[PDB]
Amino acid sequence: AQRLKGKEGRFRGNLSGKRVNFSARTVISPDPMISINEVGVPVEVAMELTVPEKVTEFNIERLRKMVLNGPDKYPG
Amino acid sequence: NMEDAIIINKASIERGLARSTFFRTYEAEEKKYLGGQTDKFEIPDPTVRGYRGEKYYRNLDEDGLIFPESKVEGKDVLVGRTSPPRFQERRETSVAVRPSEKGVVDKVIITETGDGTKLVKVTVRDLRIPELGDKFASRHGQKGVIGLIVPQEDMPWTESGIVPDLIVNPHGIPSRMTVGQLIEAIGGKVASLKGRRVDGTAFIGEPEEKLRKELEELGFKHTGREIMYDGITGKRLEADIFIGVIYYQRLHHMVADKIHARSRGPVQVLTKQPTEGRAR
Amino acid sequence: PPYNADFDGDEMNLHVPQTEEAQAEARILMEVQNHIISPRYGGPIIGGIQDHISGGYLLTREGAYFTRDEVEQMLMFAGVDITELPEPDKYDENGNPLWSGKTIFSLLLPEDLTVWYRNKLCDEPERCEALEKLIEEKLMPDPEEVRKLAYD
Amino acid sequence: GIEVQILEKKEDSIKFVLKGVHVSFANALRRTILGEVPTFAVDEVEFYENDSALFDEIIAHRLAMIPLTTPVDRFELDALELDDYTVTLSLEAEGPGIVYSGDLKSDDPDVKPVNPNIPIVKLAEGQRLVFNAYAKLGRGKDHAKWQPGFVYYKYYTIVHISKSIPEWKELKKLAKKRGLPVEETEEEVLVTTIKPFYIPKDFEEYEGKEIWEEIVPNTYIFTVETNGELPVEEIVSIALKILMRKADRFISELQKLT
Amino acid sequence: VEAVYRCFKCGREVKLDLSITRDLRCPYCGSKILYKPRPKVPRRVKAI
Amino acid sequence: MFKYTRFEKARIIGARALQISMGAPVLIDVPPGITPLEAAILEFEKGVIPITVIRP
Amino acid sequence: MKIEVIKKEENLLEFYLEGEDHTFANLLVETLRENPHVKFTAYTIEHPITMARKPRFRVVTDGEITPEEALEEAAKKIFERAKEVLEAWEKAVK
Amino acid sequence: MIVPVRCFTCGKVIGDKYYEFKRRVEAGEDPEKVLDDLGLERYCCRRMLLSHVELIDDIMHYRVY
Ligand SMILES: [Mg+2]
Ligand SMILES: [Zn+2]
Ligand SMILES: [Zn+2]
């Protein structure tokens, strides 16, 4: 009975909300030189978070080059 | 420096301003399980289960303890320890640096605990130069994070040859109503020019008018303002600027300890959702 | 103002969508420029704060004038793709051109925009009344008369 | 035309007046002196023993902060690419006492600590400290340890103090007390702002109408001081030669476009 | 594995094995706390 | 069409991007190095759309 | 120092100058502004962190001279002025 | 811990002048005249000598080997 109910119970806090993958958190500092629809991301976060991309005809070259860059250079 | 952010000089930082060090002590114990099976300190051979990469145990002496003044960078083993397989193998239960941290080993202590077994404590120190996101605060409640680090030649300079160490935004003074900060700014420069410290007691301290008169007597404007020249253009600003000496403190909320990222990671048992906490 | 955030130690979370449909939804529905108008009162929310307003006042205040180098430098810094400076407004001593702040600001506005209102700095209602009479008499009064009866 | 007049020459500083150049040139000279003029400074330290109360990363910083003399004839300090010549500084200390900068030994006689009375660390009884510091040429823009001093300038202005003010005698006395030159004339006293001159609170009312300040065009009062790494005249000449070299390199690269 | 361990209190050069030792003590002052001294290898630290 | 609401445009672009990623050919020449999603936006802006929307 | 032409057409030239900062950029621009045939000229640093060493320039002339010739004139004037100041300083200091 | 080698703001070497200043001001001399005599003129330098506290002496007792 107590397992289901409560803020930390099953019904709420476990299906309603949960920990998620592909996320980061850090402090914020101002920067007026970027557009209002842009966010400055640390290079360290970019190396960790990833976006799966399917290899098609028009992006084979870029993806091949970035695979060649490996996981230690930035555009990799 | 908008919205309670501050601008800090780069040359001043490179000369030893607000530079700090961070210590953290790790601890390992040679537990003595019932029945005679006990842990031991050693270099884990590749045979054992849970044996991580060979590069992780790269600066441990043959007794299983790390060398002082060696460089660790995260997930590196500090004390090599193998546990009995009892939940022909040997579980690996080494104590390693936190995954996101880094530093240098400072001291290693070998003790005999209360129960008679062994106990080892290792402390790793890390240098923390100020950077973007580090939090600073004054005694009058003004808080902020470093917004930008500026080269010295780009900083303005007063007509008497003073280059500011730190720049704050004029919009933070009203609606915060901290005239004490301005009084302290006047008093700091008065004290530095006069060669004696200034009493600032709660109700019997030196009155403001005396400080302004003394500042006037030393060749500066009573208002505390000065004439500066712009760093880039090289010509003087239209308005004279307020400048003084204020006591600032570096807080322990530093960005190197708050950044956190998660791509895949491990999961819990019951819910199989991602774990909670930066450490894991 | 949307996030209600200040740079005094606040922390924020970043999420990276992984599927193409999620990326398309984030790109089309939740772009920042799509949420300039607030859905609570129908007015703008993403606007200037603090130094933007104060510097705007300093730039377009009465009596503000800027030299050639300042005009070119600020126009390049803003990013405006201008190619030739407008005709100088006032010639100061030593024969140097000067440009009023209003011209520099107007270089940033669309070509066909007409609006008039009273801002917070109004303190002499008589000047605003006279200006309103001039505008209301004919909807396009001659610019020189309006410059004659200008008032912050 | 261009001319230079020198007001005061101390041992480690010089204050001269530059006349006939635009503000941009003066700012360029100041920034070039601050950031482009190269000097020698410690870069890496190889510790063998360190039993002092201070960490390795603190003694390394203190060693970096020490100013080292720089020869002028041996190297071409005005070039746009710097030499990689390396000078080794060694030290061995033990026992109670204070380790001073004068105890450092150098491979090259031309490069050595300027001030032999800078304390480095306080060694207690039994504590030892041995290392081998490495110094190399570097520019002030990369790190502040390479800065060859400190430079600033100001406008050359004259303050007009009309004699209609009832108490101009007090203003003249204050100006002479400060040390600025005073040139008395009928109906107005002329004060040359060699050093900043802020008028007191009582006379603040007369500012503008009676006390008004004029700016002599294209004239600046420079102040250059050094920590002993280089003579001041060498610093100024090196900065000017660096500017000439940069102009020539820009000419070459621009011509490469045609 | 024989190794050198400085004492915590008197700072004496105590050398003894630890894997086989059952009772750990400094043979001079009886202290149960020892240090592991820094090695004699050259460490290189950037003077930044 | 008559008028595309925000949700319909987002849905169409997402479906086209998914189809392009899974192997469908692109009916508009595109610059090299573009992601499938931005190819979908370029295709929508050109006006060639092969997906229609059903209204009640 | 490197020159990367952003765009060149008619009497307009826009280019990056890799390896430089305000120190030489401001001096070059202020020397250029003295030329009567230069209608517009300015420089900017796009970002204080990422583009700290990559100022971006813009030069527009009236067609009497090409921009790459006005730049040559400005650089030659800068060199001559620096040489004159150096000679004056050498004479004065000793 | 110990006196800084250079002034944080302008960079003038003031590391060697702390002990002389302390002795002179303790003897009874006016601190302002002592600071003027040492050559420190801008108040950024004077602040570093005035507000410095010597803490290397009372942390030297605890040794770590
Ligand atoms: Mg907050
Ligand atoms: Zn002992
Ligand atoms: Zn100073």
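Positions of Cβ are generated from backbone atoms using ideal geometry, with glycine treated the same way; all protein chains shown enter the neighbour counts. No value in this document is a laboratory result; all are computed from the given coordinates.
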Considering only residues that are outside any strand (DSSP E or B) and surrounded by fewer than 19 Cβ atoms within 10 Å (Cβ to Cβ), which ones fall in segment D:125-154? D:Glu125, D:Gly126, D:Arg139, D:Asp142, D:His143
Name the residues in segment B:155-196 that are of a type outside the set (A, V, I, L, M) and at the interface with chain H (Cβ under 10 Å from one of its Cβ atoms), would you? B:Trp157, B:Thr158, B:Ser160, B:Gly161, B:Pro164, B:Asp165, B:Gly188, B:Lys189, B:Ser192, B:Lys194, B:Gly195, B:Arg196
Filtered residue count, segment B:11-37, keeping only those that are more than 16 Å from ligand 3 (Cβ to nearest atom), farther than 22 Å from B:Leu78 by Cα and within 13 Å of chain D (Cβ to nearest Cβ): 2
Of all residues in segment D:88-120, which are in a strand (DSSP E or B) and farther than 18 Å from D:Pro67 by Cβ? D:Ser90, D:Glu92, D:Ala93, D:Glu94, D:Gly97, D:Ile98
Which one is surrounded by the most Cβ atoms within 10 Å (Cβ to Cβ) among residues in segment D:12-49 that are at the interface with chain B (Cβ under 10 Å from one of its Cβ atoms) and small (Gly, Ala, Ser)? D:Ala28
Could you tell me how many of the residues in segment B:133-150 are at the interface with another protein chain (Cβ under 7 Å from one of its Cβ atoms) and crowded, with 20+ Cβ neighbours inside 10 Å? 5
Restricting to segment A:29-50, give me the number of residues that are in a loop (DSSP other than H, G, I, E, B) and touching a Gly at 6+ places or on another chain (Cβ under 9 Å). 4
Of residues in segment H:4-38 being under 26 Å from D:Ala64 (Cα atoms) and exposed (fewer than 15 other Cβ atoms within 10 Å of the Cβ), the one nearest to the chain's Cα centre (by Cα): H:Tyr19
From the list C:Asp51, C:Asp69, which one is under 30 Å from B:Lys258 (Cβ atoms) and surrounded by 15 or more Cβ atoms within 10 Å (Cβ to Cβ)? C:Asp51
Inspect segment D:231-246 for any residue being small (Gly, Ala, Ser), within 21 Å of the chain's Cα centre (by Cα) and assigned to a helix (DSSP H, G or I) and give the result as yes or no. yes
So D:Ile6 ticks every box in (1) in a helix (DSSP H, G or I); (2) among the aliphatic types (A, V, I, L, M); (3) within 19 Å of the chain's Cα centre (by Cα); (4) more than 10 Å from chain B (Cβ to nearest Cβ) but one. Which box is left unticked? (1)
Is there a residue being away from chain F (no Cβ under 14 Å), of a type outside the set (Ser, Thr, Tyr) and within 30 Å of B:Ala5 (Cα to Cα) anywhere in segment C:24-32? yes
Among the residues of segment B:108-121, the number that are in a loop (DSSP other than H, G, I, E, B) and facing chain E (nearest Cβ under 9 Å) is 1
Is it the case, given these coordinates, that E:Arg38 is surrounded by 15 or more Cβ atoms within 10 Å (Cβ to Cβ), away from ligand 2 (no atom under 16 Å from the Cβ) and under 29 Å from B:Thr38 (Cα atoms)? yes
Could you run through segment B:189-240 and say how many residues are of a type in the set (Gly, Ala, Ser), surrounded by fewer than 18 Cβ atoms within 10 Å (Cβ to Cβ) and farther than 30 Å from G:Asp21 by Cα? 4
Do any strands (runs of 3 or more DSSP E) entirely within segment G:1-78 hold 3 or more residues that are within 8 Å of another protein chain (Cβ to nearest Cβ), and if so, which? G:2-9, G:38-44
Between G:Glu72, G:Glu64, G:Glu80, which is acidic (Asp, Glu), closer than 30 Å to D:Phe222 by Cα and over 11 Å from the mean Cα position of the chain (by Cα)? G:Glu80
Go through (1) assigned to a loop (DSSP other than H, G, I, E, B); (2) within 13 Å of chain B (Cβ to nearest Cβ) and name the single condition D:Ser164 misses. (2)
Which is of a type in the set (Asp, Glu), assigned to a helix (DSSP H, G or I) and away from ligand 1 (no atom under 16 Å from the Cβ), of C:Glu70, C:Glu62? C:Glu70
Could you say whether any residue in segment D:57-77 is more than 14 Å from chain H (Cβ to nearest Cβ), among the small types (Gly, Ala, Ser), out of contact with any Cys (no Cβ under 8 Å at 6 or more places or on another chain) and farther than 30 Å from G:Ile78 by Cβ? no
Taking the criterion of being among the β-branched types (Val, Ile, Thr) and either in a loop (DSSP other than H, G, I, E, B) or within 14 Å of ligand 3 (Cβ to nearest atom) (or both), would at least one residue in segment H:16-35 satisfy it? no
Would you mind finding the one in A:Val27, A:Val41 that is surrounded by 12 or more Cβ atoms within 10 Å (Cβ to Cβ) and either at the interface with chain B (Cβ under 7 Å from one of its Cβ atoms) or of a type in the set (D, E, K, R) (or both)? A:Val27
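Let's see how each residue does on (1) part of a loop (DSSP other than H, G, I, E, B); (2) surrounded by 18 or more Cβ atoms within 10 Å (Cβ to Cβ); (3) of a type outside the set (A, V, I, L, M, F, W, C):
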| residue | (1), (2), (3) |
| --- | --- |
| B:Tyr57 | yes, yes, yes |
| B:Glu62 | yes, no, yes |
| B:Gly74 | yes, no, yes |
| B:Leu78 | no, yes, no |
| B:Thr82 | no, yes, yes |
| B:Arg86 | yes, no, yes |
| B:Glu89 | yes, no, yes |
| B:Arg98 | yes, no, yes |
| B:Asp106 | no, yes, yes |
